[PDB]
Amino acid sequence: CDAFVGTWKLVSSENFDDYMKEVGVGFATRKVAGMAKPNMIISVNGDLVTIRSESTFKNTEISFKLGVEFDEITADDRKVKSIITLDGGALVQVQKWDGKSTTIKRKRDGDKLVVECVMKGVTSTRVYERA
């Protein structure tokens, strides 16, 4: 997780709005959430990994430890139980709620941070780049 430390800006974004409706995000919200250009900020402090996302939509932040599951209240106001792991080079976050489950993958490609979000079939791709 040392290769993720830094402030990142949103460059591209595709299949996002399609991903939202699958999770169960409201119409009016998907239009404002997807309309935003977040500023993902990852930083570590010992065993703690913080992922602060300052967007024009919401302002979320999650501090955690690898493997140890924690309570997370998503931006779209959804109480989920998340668990982030360093599976094969990437930061794989699995969010469980109401039996349902989604997966946020944060991989790396050269000078970019690629975020993948799966919600059964539909998978979004949002590319980031050092601010």
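The term rigid core refers to the maximal set of C-alpha atoms that superpose within 1.5 Å between the two forms. From 1 onward, residues are counted along the sequence shown.
Just give me the stretch that moves more in 8 other deposited structures of this protein: 53-61 or 68-76, judged by RMS C-alpha distance after a core fit. With the rigid core fitted, 53-61 is the stretch that strays more in 8 other deposited structures of this protein.
Given 98-106 and 59-67, the range whose Cα B-factors average higher in the PDB entry: Mean B over CA atoms: larger for 98-106.
Can you tell me which stretch has the higher mean Cα B-factor, 74-82 or 50-58? Higher mean C-alpha B-factor: 50-58.
Looking at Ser43, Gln93, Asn39, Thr29, which has the highest CA B-factor as recorded? So the option with the highest C-alpha B-factor is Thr29.
With respect to C-alpha B-factor, does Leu10 fall in the lowest, middle or highest third of the chain as deposited? Its C-alpha B-factor, which the entry lists for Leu10, ranks in the middle third among residues of this chain.
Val115 CA temperature factor, ranked by third within the chain: Tercile = lowest for this residue's CA B-factor.
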